[PDB]
Structures are given as C-alpha cells and as structure tokens.
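Single chain ahead, by itself, as structure tokens, in the form deposited in one PDB entry.
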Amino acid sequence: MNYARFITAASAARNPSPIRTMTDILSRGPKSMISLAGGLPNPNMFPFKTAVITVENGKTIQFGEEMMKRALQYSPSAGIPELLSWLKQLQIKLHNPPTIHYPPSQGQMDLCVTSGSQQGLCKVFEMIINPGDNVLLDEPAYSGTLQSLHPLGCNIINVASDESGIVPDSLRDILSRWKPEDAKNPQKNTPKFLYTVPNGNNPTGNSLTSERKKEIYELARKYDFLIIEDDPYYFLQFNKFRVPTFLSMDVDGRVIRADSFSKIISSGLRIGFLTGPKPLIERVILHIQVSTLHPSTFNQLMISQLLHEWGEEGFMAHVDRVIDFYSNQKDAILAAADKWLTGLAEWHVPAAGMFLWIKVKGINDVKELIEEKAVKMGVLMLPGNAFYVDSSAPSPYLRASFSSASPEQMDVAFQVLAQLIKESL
C-alpha cells in the first residue's frame, strides 16, 4: 500500500531512460513517416542471417531473414511483447493473482523478463535494502541469496524451518518484538521483507504447505512486510497437485515472485521472470534499463516461439515429463541412501527440485570428511556450510545433487561415503 517505504533513495531517483520516443510514435504513425531520431544501429551489417533450431516434442523453429534481423536487434527493456503476453497470461492461468485488474499505483500485477530469475532478485534486493535494514529468511538458505544480501549490509534474522518450510510460530514470535504499528514508522526498523524458496529449497528439498503459506501471509499484512517468493522449482514439484503460491493469495499486493526457466527450458539462455506490484517492477525495470538493457532478443524469440507452438498444453505436458525424470532420480538417490546410510545419517524426502539434504550422525562438521577424505576416494558432495549466514560454523550436513548421476553412480557414491563416515566415528 505504501510502496515508497520499500524503495531506496537510489531506486526512487531512477528516471526512464532508453531506446525511447523513436520506435514509438513510429509504432503508431503512418508508413510515410521518416525518422532520423532513433539510436538503433543498422541490423543488415550483422553477419548471422538465418537460424534453424530443432525441437524435441514440438516443431522446428525457423528465423528467416526478417526474423533474424529482429533477433539480432535491441528490443523492449522488460521483454518482447509476445513473451510478456504469454507469461502474464500464464500467471493468470496458474495463480489467478487477486491483483491483475487493480489500479497501478495500487499494485496491479506486472511482469518482466529478466536475464535469468536471479537478475530480478538481485534487482529487488538492491531496490529495497538500506544499510541496517532487517530482513526475514530461513536457514539453510541458498548460498547465492546469502552472498547477494551480504554487501547490502542488512541484518538477516533467521526464521525456524523444518520438513515443511518456515514454521509460522517462529515467524510470529520473532515479529512480536514489534508492534504491528511501527511498520508505519521508519525509525526502529520493522522487517522490510521475508524471502523464501517455497518449493524444493536449495539446499534442503523442503517445501511449504498451503496451510503454512496462509499463516505467513497473515503475518505479512499484520506487520506489513513484502514477501519475496523466489520460486525456481515451482515447475519441479513431485506432488502433481501444486500448492497455491503466495501470488495466488496476494490480495494486498505485497508479493514479488521470481520464476525460473533454468530447470525446465534452459539455464544458459538467461531468461527468467519477475512478477509483482506494478511500481516496484518499475524500479527494477528502470535499473535493467541502465544495465543489461534487456534479455537477449534472439533467446526470447526462441523461447516465445517454442512456447506459442506448445500451447500452455504442450508446456504443461513438457513439465510433467521433466517432473517424472526428477521423481525417478529422486527414487534412486533415496534408495541409495536407505541402502548405505544406516542409522548413519537422517534426511527427509525432497518434495521439489534436485537436492537431497543429509544430516550426518555423530560427526559435528562435514568439511574434513568431504574436503579431505571423500575427494581422495573419488566421490564429491557439498558441505552444508555455505548455506548459512555464519558459514564458519560447523555443519554436519551434505547436499547431494540427483539431477545427473545414474543409480550405479549414486550407489558407488553412497557406498564410499557410508564407510568414510564409519571410519570417522
């Protein structure tokens, strides 16, 4: 409601730059118009002329001469129109956000293509956080979010989590050190936002429930903080009945949602998307505008034409197939764990994503066992340390990835590991 409180002096001073009133009155003017006003270079000097791109499970993609020229040219900051229209329509279909037909000053839903979903996150973090500000998340927390929040100098307050994600009473009893009304008052510092990964958390594999999601939201107006919903494994959930998202229940316009194509379409293409209240998305767009300018027009055209040829039908069917492959690799890594981990380790089953989070028994830090002993045996896994704010504390946990290894490779891995644990007890 008071969007000015979630926007820095730096971000607030952004004015609309580039690629301006040029491809604009000449996008609504007569064909006779002549413009010498734009800042675009001649695309005919570019060496690549056509593209053909083969697709498994939908039809091949062709960039003719005219196309290619457009694929190689600058495009709008927030994305190409056809992919913006497709995504927006996708959110409505998927999340039906209460917010789609609010007035803009009031948090009308807006969306922008970013260069990966982590670019719009970083841009959100940058737009919001002053030095000293308090922010809510749950540990263990993705190491990248930890390393992007660090220099912004916020105080990160840890919210207790378990097999089912943030624990509401922990949120509520953290929050009880303020009155719901100091949110109206800048000086002693109510939390600016809560950040979470609701589905298959990196590194835990844990997801929030729908009952917990509504409690967290309630807490969210109550002390009037924003919810950053960083949701890159939303299309990667093992239950094929997906829980509603913070976006689906966002009646107030306090939720910015990051989606990722990286696990389902392409990591290397750098195309992800940001959903939120219109004037905050504006602040990230003014920033994109002086920065990357926009996501590669080539890679958007590819994805948009893939997506339009699929229908949200072929899209959704594509995700069920990739889901299936990730349950089957989950099955395998779990069976490996039961097989070799023994009353030696405890874990929960992953609900989404690609990570197993295993807590090693009566070993109080796992750096030496992995940095030293496992590597020498040809098996690598990831010490839990870097998934905490104080990463110097000992972690008895390992993250093991199941996205790629064959069941044999898991089997050998968990064999070698189980015995290095016992030779350490």
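The first residue of the sequence shown is number 1, and the count goes up from there. Only residues modelled in both forms are compared. In this text, the rigid core denotes the largest set of C-alpha atoms whose superposition between the two forms falls within 1.5 Å.
On average the C-alpha atoms of 177 to 185 have higher B-factors than those of the other stretch, with 177 to 185 and 194 to 202 being the two compared. The PDB entry records a higher mean C-alpha B factor for 239 to 247 than for its counterpart among 283 to 291 and 239 to 247.
Comparing the listed residues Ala400, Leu40, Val366, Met45, the entry records the largest Cα B-factor for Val366.
The residue among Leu36, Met377, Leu356, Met68 whose C-alpha atom has the highest B-factor in the PDB entry is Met377. Annotation for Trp310: CA B-factor lies in the middle third of the chain's modelled residues.
In the deposited entry, the Cα temperature factor of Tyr142 places it in the middle third of its chain's modelled residues. Residue-level temperature factors show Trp340 in the lowest third of its chain, judged at the C-alpha atom. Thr23: CA B factor in the highest third of modelled residues in this chain (values from the PDB entry). Among the modelled residues of its chain, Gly153 has a C-alpha B-factor that falls in the middle third, as given in the PDB entry.
Although not depicted, the form deposited in another entry is the subject of the following passage.
Just one residue from the list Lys49, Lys376, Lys59, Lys367 crosses the 2 Å line for C-alpha shift between the shown form and the other one on a rigid core fit, and it is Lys59. Relative to the superposed rigid core, the position of the CA of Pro396 differs between the shown form and the other one by less than 2 Å. Relative to the superposed rigid core, the position of the CA of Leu40 differs between the shown form and the other one by less than 2 Å. In comparison with the shown form, the Cα-Cα distance of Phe48 and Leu36 decreases by at least 3 angstroms in the other form.
Shown here is a form in which the CA atoms of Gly272 and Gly58 lie at least 3 Å closer together than they do in the other form. When the two forms are overlaid on the core, consecutive residue runs of 3+ whose CA positions all differ by 2 Å or more between the shown form and the other one map to 17 to 19, 29 to 39, 57 to 59.
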